[PDB]
Each structure stands twice: as structure tokens, then as C-alpha cells.
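*Asks:* one piece of my complex first, more on the way:
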Amino acid sequence: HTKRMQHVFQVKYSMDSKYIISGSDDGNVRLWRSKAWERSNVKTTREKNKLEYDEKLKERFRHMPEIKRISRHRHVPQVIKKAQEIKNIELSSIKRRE
Amino acid sequence: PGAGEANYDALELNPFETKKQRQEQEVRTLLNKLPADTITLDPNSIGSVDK
């Protein structure tokens, strides 16, 4: 998300499978890294070993509660957070009536 | 004759240190400081489900 994009209407992966091309309604065609932390330079072999090793560690331990509550949260914008919160309480209410 | 381990493992203990690798082991172990709660009777017991 960004403050300067409104109403994203067309998103496409690139053929490199690392870069998503998003196009807003403001006029811009922004780009994003899919993996928001993997950089794009060719890395040395010990660095690639370190990255794949600790990524495999995160994948193996993703159910632990404190690294789940660190890996999960974002800065979701306040509009989306409040509206998803009221949608969640509506869905819980309709599940109770069901 | 038999009362010493012969073959140390150089990633943790090292009787042939330098200043550079001594400071490197300092910064790595300070980065991998295990938190104080994680010492039970059996330290293989931090991966399970909670009873």
C-alpha cells in the first residue's frame, strides 16, 4: 500500500517472478518486489547460504507465537484496519446467529 | 593421556584465536544470546505443543 496510490485496477507478475507491476487510478504504474526483502544483486555463496538457511528456519518455526506475532503484523492503513475490524465483528455476529 | 578431548570444533571453541576472530565470536554469541527462559530440564522441549 502507499499513500499516493488510489484504487489499484491492474496487477501483473513479471516474467522474472520477482517483480509485481501494479497500476493505480492516480495515473502511475508502480513496481514492487514480491519478496519484500530479497534483494536483486547476485550474491556470494556464503551470503546465499545464510539467506536460504535462515529462511528455511523461519519456514520451519513459523508456528511459534512470538515470531508469528512479529512476522505477521504490518502497518495496514487505518481505513483498511478499521473497516476489516468492523467486517470481522459483523462476521462473528452472523456466525453466532447461524 | 585420555583425559582431554583431542579434536575441538573451531566454530565455537578455538585455542588458536586472533583478535579478529575473538571479536567475531563475541559479536556472534551476543547476537545469539539465548533468552533466560529457555533453560528447562530438557532443552529439546521448546519445539513441542503446549500440553
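*Replies:* Sure, I can see it. Numbers count the residues shown, from 1 in each chain, chains lettered A, B, ... in the order given.

*Asks:* can you list contacts of stretch B:22-42?
*Replies:* Stretch B:22-42 is contacted from outside by B:14, B:17, B:46, using C-beta atoms under 8 Å, 6 or more residues apart in numbering or on different chains. From N, CA and C alone the C-beta is placed, and that goes for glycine too.

*Asks:* so how far is residue B:26 from the last one?
*Replies:* Okay, so that is residue B:46. For residue B:46, the distance to residue B:26 equals 25 Å [C-beta to C-beta, to the nearest Å].

*Asks:* tell me which of the two has more neighbours.
*Replies:* residue B:46 (13 against 10; other C-beta atoms under 10 Å in any protein chain shown).

*Asks:* residues contacting that one?
*Replies:* B:38, B:40.

*Asks:* could you confirm residue A:12 falls within a strand?
*Replies:* Yes - under DSSP: H, G, I helix; E, B strand; the rest coil, residue A:12 falls within a strand.

*Asks:* now name the helix or strand holding the nearest residue to residue B:15 once chain neighbours are set aside.
*Replies:* The shortest distance from residue B:15 to any non-neighbouring residue, by C-beta to C-beta, 6 or more residues apart in numbering or on different chains, is to residue B:8 (6.6 Å). Under DSSP states H and E, no helix or strand contains residue B:8.

*Asks:* surely residue B:8 and residue B:14 touch.
*Replies:* Yes - Residue B:8 is in contact with residue B:14 according to C-beta atoms under 8 Å; the separation is 7.0 Å.

*Asks:* how close does residue B:22 sit to residue B:16?
*Replies:* Look at residue B:22 and residue B:16: by C-beta to C-beta, they are 11 Å apart.

*Asks:* do the same with residue A:39
*Replies:* Using C-beta to C-beta, residue A:39 is found at 35 Å from residue B:16.

*Asks:* please slot chain C in as well:
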Amino acid sequence: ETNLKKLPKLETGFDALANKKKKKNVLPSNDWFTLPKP
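*Replies:* Let me put chain C in with the others:
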């Protein structure tokens, strides 16, 4: 047969580079832009 074995073949130096030898012994052991100090 002795004609074919008295014919000259090609002449390289490659295997001589593979198996030559050596013998040597080793013997023992301001600027343009600065101005003169007054």
C-alpha cells in the same frame, strides 16, 4: 615400411614444456608536483 618410419613428423615443443628442468639460485636482498622547501 622403413620409408613410413623414416618420414618426418610434426615438431612441437609442448611436451618439452611439460618435462623441462631448471637450476637457478636466488641472490640475496619529492614528487613531480611538490615545491622545494625554503
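
*Asks:* the contacts of residue B:46 again please, chain C included this time.
*Replies:* Residue B:46 makes contact with B:38, B:40, according to C-beta under 8 Å, 6+ apart.

*Asks:* now with 7 Å?
*Replies:* By C-beta atoms under 7 Å, 6 or more residues apart in numbering or on different chains, the residues touching residue B:46 are residue B:38.

*Asks:* can you tell me how far it is from residue C:32?
*Replies:* Distance of residue B:46 to residue C:32, given as C-beta to C-beta: 69 Å.

*Asks:* only the buried residues of stretch A:11-23, if you could.
*Replies:* Using 16 or more other C-beta atoms under 10 Å in any protein chain shown as the test for burial, stretch A:11-23 gives A:22-23.

*Asks:* how long is that stretch from one end to the other?
*Replies:* From its first residue to its last, stretch A:11-23 covers 6 Å (C-alpha to C-alpha, to the nearest Å).

*Asks:* what residues does that stretch touch?
*Replies:* Looking at what lies outside stretch A:11-23 - C-beta under 7 Å, 6+ apart - the contacts are A:8-10, A:29-35.

*Asks:* any idea which residue is closest to the centre of chain B?
*Replies:* residue B:12 (6.0 Å; C-alpha atoms, centre = their mean).

*Asks:* what strand or helix carries that one?
*Replies:* Counting by DSSP H and E, there is no helix or strand that carries residue B:12.

*Asks:* give me the distance between it and residue B:29.
*Replies:* Look at residue B:12 and residue B:29: by C-beta to C-beta, they are 9 Å apart.

*Asks:* same thing with residue A:11?
*Replies:* Distance from residue A:11 to residue B:29, counting by C-beta to C-beta: 44 Å.

*Asks:* likewise for residue A:48?
*Replies:* For residue A:48, the distance to residue B:29 (C-beta to C-beta) stands at 24 Å.

*Asks:* now do residue A:75
*Replies:* Distance of residue A:75 to residue B:29, computed by C-beta to C-beta: 33 Å.

*Asks:* then add chain D to what we have above:
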Amino acid sequence: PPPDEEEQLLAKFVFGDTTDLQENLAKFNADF
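*Replies:* Chain D goes in next, on the same frame as the chains above:
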């Protein structure tokens, strides 16, 4: 079967056998 002569020469090369050097030194060292 015993160790062959050339086989034990290769053994002195490969294993880094200095027992011949120690025996030769401690045997001969004082002379003339």
C-alpha cells in the same frame, strides 16, 4: 606377506614417515 621395498619407499613418501630420519640422525650423528 611383508612390505615390499618400493612399496615401503612410497609409504615413507605418502605417510610422511620421519622414523627413518630419526633413526639415521640418532645413529650416525657423531662421526670423524
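
*Asks:* take the contacts of stretch B:22-42 again, chain D included.
*Replies:* By C-beta under 7 Å, 6+ apart, the residues outside stretch B:22-42 that reach it are residue B:46.

*Asks:* next up, phi/psi of residue B:10, please.
*Replies:* Note on residue B:10: backbone dihedrals following degrees, to the nearest 10 are phi -80, psi -10.

*Asks:* nope, residue A:19 is what I was after
*Replies:* When read as degrees, to the nearest 10, the backbone of residue A:19 gives phi -130, psi 120.

*Asks:* bridging residues for it?
*Replies:* Beta-bridge pairing of residue A:19 under DSSP bridges involves residue A:33.

*Asks:* list the buried residues of the helix or strand harbouring residue A:81.
*Replies:* Residue A:81 belongs to helix A:78-97 when assigned by DSSP H and E. Buried residues in helix A:78-97, counting neighbours by 16+ other C-beta under 10 Å, are absent.

*Asks:* now it, how far from the centre of its chain.
*Replies:* Chain-centre distance of helix A:78-97: 21 Å, with C-alpha atoms, centre = their mean, to the nearest Å.

*Asks:* still on that earlier bit, measure the residue nearest to the centre of chain B to residue A:11 for me?
*Replies:* 48 Å.

*Asks:* circling back: counting by contacts, list what the helix holding residue A:81 packs against.
*Replies:* Helices and strands touching helix A:78-97, as assessed by 3 or more C-beta pairs under 7 Å, 6 or more residues apart in numbering or on different chains; DSSP states H and E, are absent.

*Asks:* can I get that helix in CSV? Just the C-alpha atoms.
*Replies:* Output of helix A:78-97 as CSV, limited to C-alpha atoms (Å, rounded to 0.1, in the frame of the first residue of the first chain):
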residue,chain,number,x,y,z
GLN,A,78,-6.2,3.0,9.1
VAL,A,79,-9.1,2.8,6.6
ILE,A,80,-8.4,-0.9,5.9
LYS,A,81,-7.8,-1.7,9.5
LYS,A,82,-11.0,-0.2,10.8
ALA,A,83,-13.1,-1.5,8.1
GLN,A,84,-11.7,-5.0,8.3
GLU,A,85,-12.3,-4.8,12.1
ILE,A,86,-16.0,-4.0,11.7
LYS,A,87,-16.3,-6.6,9.0
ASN,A,88,-14.8,-9.1,11.4
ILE,A,89,-17.3,-8.3,14.2
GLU,A,90,-20.1,-8.5,11.6
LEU,A,91,-19.0,-11.9,10.5
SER,A,92,-18.7,-13.1,14.1
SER,A,93,-22.2,-11.8,14.8
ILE,A,94,-23.7,-13.6,11.8
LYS,A,95,-21.9,-16.8,12.8
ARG,A,96,-23.4,-16.5,16.2
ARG,A,97,-26.9,-16.1,14.8
